[PDB]
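Let's start with one chain on its own, the form deposited in one PDB entry, as structure tokens.
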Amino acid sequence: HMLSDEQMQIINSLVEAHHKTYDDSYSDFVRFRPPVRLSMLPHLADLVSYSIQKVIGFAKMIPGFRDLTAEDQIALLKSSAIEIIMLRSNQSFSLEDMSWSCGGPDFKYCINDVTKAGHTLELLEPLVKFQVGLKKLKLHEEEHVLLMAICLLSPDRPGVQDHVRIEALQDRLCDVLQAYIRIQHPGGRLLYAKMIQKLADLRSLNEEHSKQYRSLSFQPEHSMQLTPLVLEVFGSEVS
């Protein structure tokens, strides 16, 4: 079998969107509040707030996402941003260091902090396990990008209204991912199944982080270290 032009054009714009919204130089991290080793929360909040802007930039370039109602776009971003951040962070996760390494040695986040960022190992332990399993999948650049787009266009998220239209977009992306692996990935006989199981892991990681984020935002001494965008996206306000 063979991929079509519509499916390869979806891949092209999707890979392009990721290259615009992900900076492998990590040079913008010097503009965040520095990390201190909840001393890591100021740097961690700036890091997440920055990444949320990338996810919004990546989302706006996914085919069909821009044509959804603004309410659907907000509901999708509010519930999937945390998962897409976890998904994209795999690009900096190192199996050798068991940590996220972003350019310099001051932007290397590795476990022991964890308690200095305001989170507990009930989120870190499953997340690191998630990150190493995703890293072992050796995803192609095309596959990593499709998984982020499939994750964002999930209709089963609280808030979405036009469920049918969003589902049709997601299935088109899933057929592309299935057709890409069969035709372009050698040994990808069961990769599509393992990739979809990662989405199920994300919902569990989403739930755990949201539980722990509630404890932060309920203490004003900690939530004042967050950014307005983080408070808007990870908030509970409803459109």
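For the two forms, the rigid core is made up of the largest set of C-alpha atoms that agree within 1.5 Å on superposition. Residue numbers run from 1 along the displayed sequence.
There is another form of this protein, the form deposited in another entry, and it is not shown here; the text below is about that form.
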With the core superposed, a Cα shift of 2 Å or more between the shown form and the other one singles out one residue among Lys211, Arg189, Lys60, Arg31. Which one is it? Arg189
One pair moves by 3 angstroms or more in that other deposited form: the C-alpha atoms of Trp100 and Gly187, which are farther
Which is it in that other deposited form for the CA atoms of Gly187 and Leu95, closer or farther than here, knowing they shift by 3 Å or more? farther
